[PDB]
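Given next, in structure tokens, is a single chain: the form deposited in one PDB entry.
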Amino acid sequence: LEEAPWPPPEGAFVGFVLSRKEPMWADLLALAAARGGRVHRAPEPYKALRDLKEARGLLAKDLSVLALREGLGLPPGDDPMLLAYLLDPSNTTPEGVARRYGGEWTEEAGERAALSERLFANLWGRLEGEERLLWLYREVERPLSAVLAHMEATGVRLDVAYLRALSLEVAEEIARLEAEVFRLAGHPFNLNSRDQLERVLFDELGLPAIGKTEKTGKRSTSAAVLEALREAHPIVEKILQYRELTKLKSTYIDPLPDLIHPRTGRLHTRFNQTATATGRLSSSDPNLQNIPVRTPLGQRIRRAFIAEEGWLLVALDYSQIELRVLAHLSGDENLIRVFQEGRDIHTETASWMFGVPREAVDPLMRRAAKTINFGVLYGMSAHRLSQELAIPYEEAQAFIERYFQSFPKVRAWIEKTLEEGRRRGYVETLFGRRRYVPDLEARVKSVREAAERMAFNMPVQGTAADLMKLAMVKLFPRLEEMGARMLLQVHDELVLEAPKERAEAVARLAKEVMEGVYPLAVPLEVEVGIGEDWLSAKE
């Protein structure tokens, strides 16, 4: 491959080396580009960044985020990772993709640029005549990479001093709990070691082991086990409380304040575009899609995510999105009329679980009801239904005679979905995103049945993901116009930041864009709230 002096012509493919994976923290070690049988290697990569008009190549978005960090608008364009991921969503890393589609992912920018060029050639050919995947690439994934780059580079503000104070308070409560556990154990041990805990609970104390761990067959110490032991010894309660606190402390309270960026004063996640089997995004480095919210301490942590001075957070959450998608994908009339009319199913379940009027339902009672209706839907055991409801098997089985009894075409839809996955080797979303599920004709029931659950979940979860992504693509230019920002995506929700004076307008526009993204046989409802913090913006 011919070496030519740096600058490349327009439309060249880029290769780059980062000192580390996170583009907001990374030093740009090298930059190169490829076109027309020439490779161009940058003498000094930061300065060489100014010459490009767009990031075109493997991991295009990551380079674009680093460009934005440096005050440059270098939007991501074609990325062979996105083409390969649409073909087969197990194409998630560039190591894998290079080997599969015609090269080797090295640690050299020039080779990486050449690799991008020839991988795009090959992958663009594989998507010839794959009209619906091409639509997803042009209308969702490629434009979405730009949106996510802005989200990544913008970050979210975090109340740091508040989290530091919270840390010292939770440290004292943890100390209280561990001292009481050690007394009840009759000795101190490492309470964070589940192996040590196993021996204390089941050998030294006499408590009955319920279940076993999956890979190594040890006696389980999980919450589900411990809940069934909640009055068989006073120690179990303390352990459950200790687990809650140390999880939140070790994962959220302590690490997040140390991740504030020195230039932005904000906390920056990565939104991974080729990481799931269904077409959802993921978030990492720090994961901001699992910030807690259920428990009171969880809520305290969520209040730490705050609007910039003079701005408000706007949180928009789709209501019962997968259930509405199912009504559409299947065509079940009784499910369609429930949404056409305007009933609630999470609240319907909660008021019958807890045995209270509907007016007496609240947020945390609906939390319980989400394990039940989703859980039950995607192939839950009658037996486990009994456990989390905490009732007999006779009442848990008859619920899956009622949750299903009314809806003939859901069953027919699952079965149709499974038979097509067996035939074609893949299942698909409403827009034709594929997941290959090979184990549907496996000869071992438990493997076959796990594969089935995965297979009929994907059109549902994947369609909801497609809708949210499309909604993000259309919403983004409208917010830039209003001087507003998109901060986070959490599967079925978005969090925006709007100047105080334009917040209510932003809220109304965003809602309307999300409700009418792609009309279905049933309406999409979005709940919206505005606030100084992430918690209060939903309440």
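Start at 1 with the first residue shown and count on from there. We call the rigid core whatever largest set of C-alpha positions still superposes within 1.5 Å between the two forms.
Note that the form deposited in another entry isn't included here; everything after this is about it.
Once the rigid core is used as the reference frame, the Cα position of residue 303 differs between this form and the one not shown by less than 2 Å. Put the two forms on the same core and the Cα of residue 345 is off by 2 Å or more between this form and the one not shown.
In the other entry, the Cα atoms of residue 361 and residue 489 sit 3 Å or more farther from each other than they do here. Shown here is a form in which the CA atoms of residue 492 and residue 367 lie at least 3 Å closer together than they do in the other entry.
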